[PDB]
Amino acid sequence: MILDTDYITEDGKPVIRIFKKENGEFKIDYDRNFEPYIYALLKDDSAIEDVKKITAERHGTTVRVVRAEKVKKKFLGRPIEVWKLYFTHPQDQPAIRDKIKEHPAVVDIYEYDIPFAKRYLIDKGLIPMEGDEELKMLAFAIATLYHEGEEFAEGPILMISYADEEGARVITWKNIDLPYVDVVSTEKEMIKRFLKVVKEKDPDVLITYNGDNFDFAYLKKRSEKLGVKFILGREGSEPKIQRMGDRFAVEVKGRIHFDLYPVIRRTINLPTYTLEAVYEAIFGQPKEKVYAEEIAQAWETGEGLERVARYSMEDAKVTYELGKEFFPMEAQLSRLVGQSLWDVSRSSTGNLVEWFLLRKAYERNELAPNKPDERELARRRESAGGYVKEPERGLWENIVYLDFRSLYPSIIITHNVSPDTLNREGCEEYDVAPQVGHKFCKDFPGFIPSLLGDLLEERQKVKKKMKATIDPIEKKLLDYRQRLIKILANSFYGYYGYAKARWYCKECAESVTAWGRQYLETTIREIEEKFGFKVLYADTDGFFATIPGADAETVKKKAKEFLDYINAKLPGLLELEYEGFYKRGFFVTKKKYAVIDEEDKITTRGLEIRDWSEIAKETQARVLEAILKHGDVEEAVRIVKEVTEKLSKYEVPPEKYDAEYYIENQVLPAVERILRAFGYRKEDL
């Protein structure tokens, strides 16, 4: 399988390198015949001879147009003839693109800023991370001597830890009596020992937590200070430090540097992103933090070195565990988007769709539009929000939740919403978005709706293959692919309003939201007027409904009957589904509610919880239980009165003191936010 691609220069000519792992062995394939190129749109084809002679200069080298070729492509749903201009080196493109654009006979230039190594994967139809190859992984972490008024990496590295299938170990230059600690004489010897470990283990993946902005930079500065050959690449190179935006990223040639930090930063939403908080959120297990002051104090003639070595060991161990949890998902994401795991794991959702579209555009001979210039970028201010019903406050019995299956992708497909179909003149059929009035041609399938349709079809083909796959490892992998297709399909709407997007269409985005608001509001009035349901609450693509004075099985039956009715009325791919049944449910405000199923599991959208005392969290759970399991509001009130009395009589442990503070600032605020809708103010208790 393909792990990554890059290029090196030999005699001024680019040489693509394809890093592979085939049949358990590392390989490097070279391609010396891939030519960089750009497209140029001309006002007259006779002008090609003048544009071929356009020159620029990169160093002492004169940059010329090597070869031109007339090509016929599709651009915004219309055929177009452009000239494919070839160059010697990919770095010639930024040097000459402006001179070619400024030529009077040139209307515009295209596909001039697609990185050479990524251009290669797309054009060759190559997909990284494809196959069943087993990748060897190794996580690592470092512990450093920190003092407040010092420069970066002024203090030495105290410990280097690593972890894999064999376990976790710590390399240090102080005598620590632990079985997993390897003692060396100096910091230099510790770094050298780490390099030998990586070289001998030869992992395909190096896993870190913030290694892009800390670990590698620290190791680099210390290796320069100590005169150590910091070679980690499989081809004898040092880690390459790159600038993506305001921060950094690190590549290790021949391997995949998998930094968990950017991945977890976009997967889960947490108040803090410390390694301890992220491990505790994913695995539900606590992890002790040992601060820089404690580590410095312990190192400077300290007995607590075993505690710091254990912290170092746990850093590598949890990094390996987290890497095992997120790597298979990123591998499937890489295979779906068609780019290396290194790029994919560091990319935003908007850029992931862009790479997917760039590949599909090449396969379909679709000329890609350019990224917005600085002027157009400033003009792309977001004007976006679905329908939110104000909830009917109070306690409700036997509530069903109905929602649309992929509402926004269904709208895009059904109404052919795309920049290439927007206000296109000359069609015999159009769909008009309500409120915003944008028209979309229906005669020809649009570029994006066509791909979105194939994504949904591919998702179903993957789901069927998953049910038939006996192999549990492959079943989990197919589960990732099917979930990733859903995520990618549900990213097209956001991509339409993504300011940096090539296929940007604010009109498309507004139209999807407007149609979405229409379908949800139409369905609500339909279930109220034709089935006598009460819609308690609704948000964007679904609603909670019930029949005041009806049995649980009666509500279920009429809900299924409504589904048969409205699904026959809904156009194209739009489909309403039965998501789940709830015995009880109370709706406080927009985005604040709580429901309970027949199993007695409570789902909450406004829970108050580690910067909150256990007494407040326990009372809240007791209140919710009384409301959702017993349906007794009078009991929920009594519980709070009981807890406040136990706190005031000093009968409650302080953590699990100022009795007035824990009543007025802890218990009451956490419980009032739930009992609020009933009219139970703080003065009501």
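Residues numbered from 1 in each chain as written, not as in the entry; some residues may be left out. Heavy atoms only, no water. Residues with missing side-chain atoms left out of burial classes, pairs and counts.

This entry, as listed in the PDB, derives from X-ray crystallography and reports a resolution of 2.3490 Å.

(A) A look at unusual backbone geometry. The phi dihedral of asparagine 423 falls on the positive side, at around 45°, and the residue is not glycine. Within the element layout of this structure, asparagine 423 appears in the loop between α13 (407-414) and β19 (430-432). Not every positive phi belongs to a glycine, and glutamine 435 is a case in point at roughly 70°. Position of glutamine 435 among the secondary structure elements: in the loop between β19 and β20 (439-441). Residue class for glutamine 435 comes out exposed when judged on its relative accessible area of 72%. (Helix = DSSP H or I, 4+ residues; strand = E, 2+ residues; numbered from the N terminus. Buried < 20%, exposed > 50% of the residue type's maximum accessible area, 1.4 Å probe, protein only.)

(B) Structural view of the pairing of strand β10 (residues 137-144). Counting buried residues in β10 gives eight out of eight residues, a clear majority hidden from the surface. Side chains of β10 alternate between two faces, with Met137, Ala139, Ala141 and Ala143 and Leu138, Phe140, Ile142 and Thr144 buried alike. Across three bridges, the pairing between β10 and strand β14 (residues 205-208) is parallel. Bridging across to β14, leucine 138 finds its partner in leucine 206. (Pairing = 2+ DSSP bridges.)

(C) Quick peek at empty space enclosed by the protein. Reported here for the largest cavity is a volume of approximately 70 Å³. For the largest cavity, the full set of lining residues is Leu3, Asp4, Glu251, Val252, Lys253, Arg255, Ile256, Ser340, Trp342 and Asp343. Among the elements of the structure, β1 (2-10) and α10 (341-345) are those that each provide at least two residues to the lining of the largest cavity. (1 Å grid on protein atoms, 1.4 Å probe; cavity = no way out; pocket = protein on both sides within 12 Å on 5 of 7 lines; lining within 4 Å. Points joined across faces, edges and corners; volume = space filled by probe spheres on them.)

(D) Main features of the packing of α13 against helix α14 (residues 447-468). Where α13 meets α14, the axes come as close as 8 Å, and the angle between the chain directions of the two elements is 130°. Overall, the two elements α13 and α14 adopt an arrangement that is oblique. You can see that α13 and α14 cross each other, and the crossing is left-handed. Together, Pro409, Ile412 and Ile413 of α13 and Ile448, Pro449, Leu452, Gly453 and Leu456 of α14 make up the contact between the two elements. (Axes fitted to C-alpha atoms, helices over the stretch in contact; angles between N-to-C directions. Parallel < 35°, antiparallel > 145°, perpendicular 65-115°, else oblique. Left-handed = near helix turned anticlockwise from the far one by under 90°. Contact = heavy atoms within 4.5 Å.)

(E) Region of interest: the sheet that holds strand β7 (residues 67-75). Strands sit in the order β7-β8-β4-β9 across an open sheet of four strands; the sheet is antiparallel. The open sheet has two edge strands with one neighbour each: β7 and β9 (106-110). The average angle at which neighbouring strand axes cross in this sheet is 35°, direction not considered. Sheet topology places strand β4 (residues 37-42) next to strand β8 (residues 78-86); four bridges connect them, and they run antiparallel. Pairing of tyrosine 37 across the sheet is with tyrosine 86, part of β8. This element, helix α2 (residues 92-101), spans β4, β8 and β9 of the sheet and lies at about 155° to β9.

(F) Here's a closer look at the pattern of salt bridges. Under the definition given, this model contains 65 salt bridges. Residue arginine 119 pairs with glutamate 111 through a salt bridge whose shortest N-O separation is 2.9 Å. Looking at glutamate 111, the relative accessible area reads 5%, which means it is buried. By sharing partners, the salt bridges in this structure join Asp6, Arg17, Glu235, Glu251 and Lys253 into a single network. (Salt bridge = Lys/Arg side-chain N within 4 Å of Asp/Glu carboxyl O.)

(G) Molecular detail of the sheet that holds β1. Strand order in this open sheet of three strands is β1-β2-β3, and the pairing throughout is antiparallel. Every other strand in the sheet has two partners, leaving β1 and β3 (25-31) as the edge strands with one partner each. Adjacent strand axes in the sheet meet at a mean angle of 25° when their direction is disregarded. Sheet contacts for helix α3 (residues 116-123): β1, β2 (13-22) and β3; angle to β2, the most-contacted strand, approximately 60°.

(H) Seen up close, the domain arrangement of the chain. Assigned domains of the chain: these are domain 1 (2-124) and domain 2 (137-346). Spacing between the C-alpha centres of domain 1 and domain 2 amounts to 38 Å. The interface is formed by 11 residues belonging to domain 1 together with 10 residues belonging to domain 2. When the two sides are added together, the surface that domain 1 and domain 2 hide from each other amounts to roughly 980 Å², 54% of it contributed by carbon and sulfur. Taken as a group, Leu3, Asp4 and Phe26 account for 45% of the area that domain 1 buries against domain 2, more than any other trio of residues on that side. Here domain 1 and domain 2 share four salt bridges between them. One salt bridge in this structure joins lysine 118 and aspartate 343, with 3.6 Å as the shortest N-O distance. Linking domain 1 to domain 2 there are four residue pairs in polar contact. Going through the elements one at a time, β1, β2, β3 and α3 are the ones with two or more residues in the side of domain 1 that touches domain 2. (Domains from an automatic or database assignment. Buried area = accessible area lost by both parts, 1.4 Å probe. Polar contact = N/O pair within 3.5 Å; in protein donor to acceptor, adjacent residues only side chain to side chain.)

(I) Region of the structure containing a positive patch on the surface. A contiguous patch of positive charge, built from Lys590, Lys591, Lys592 and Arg605, is present on the exposed surface. Along the chain, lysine 591 falls in the loop between β23 (576-589) and β24 (592-596). On the basis of relative accessibility, which here comes to 38%, the residue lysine 591 falls in the partly exposed class. (Patch = residues over 30% accessible without salt bridge, like charges linked within 9 Å, V, L, I, M, F, W, Y side chains within 5 Å. Areas by Shrake-Rupley, 256 points an atom, 1.4 Å probe, with all protein chains shown as cover. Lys, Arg positive; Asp, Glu negative; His and termini not counted. Charge placed at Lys NZ, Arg CZ, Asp CG, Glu CD.)

(J) Spotlight on the side chain of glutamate 251. If you trace the backbone, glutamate 251 turns up in strand β16 (residues 248-251). Only 2.8 Å separates the side chain of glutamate 251 from the side chain of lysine 253, close enough to count as a polar contact. Aside from chain neighbours lying at most four places away, what touches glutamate 251 is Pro239, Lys240, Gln242 and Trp342.

(K) Spatial organisation of a negative patch on the surface. Side chains of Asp132, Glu134, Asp471 and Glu474 sit close together on the surface and give a patch of like negative charge. By relative accessible area, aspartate 471 is classed as partly exposed at 35%.

(L) Structural view of the pairing of strand β17 (residues 256-259). In β17, alternate side chains face the same way, and those of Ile256 and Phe258 on one face and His257 and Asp259 on the other are all buried. Looking at chain direction, β14 and β17 are connected through four bridges and run parallel. Paired with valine 205 across the two strands is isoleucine 256, which belongs to β17.

(M) How the structure looks around the UniProt feature "disulfide bond" in the chain. The sulfur-sulfur separation between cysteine 427 and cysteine 441, a disulfide according to UniProt, is 2.0 Å, below the 2.5 Å limit, so the bridge is formed here. Here the residue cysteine 427 occupies a position in the loop between α13 and β19, and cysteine 441 occupies one in strand β20, the gap between them amounting to 14 residues. Relative accessible area serves as the criterion here: at 13%, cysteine 427 is assigned to the buried category. Look at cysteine 505 and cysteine 508: UniProt pairs them in a disulfide, and at 2.1 Å between sulfurs the bond is present in this structure. Assigned by exposure class, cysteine 505 and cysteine 508 land together as buried. (Disulfide = S-S within 2.5 Å. UniProt positions renumbered as here; feature names shortened; annotations may be inferred.)

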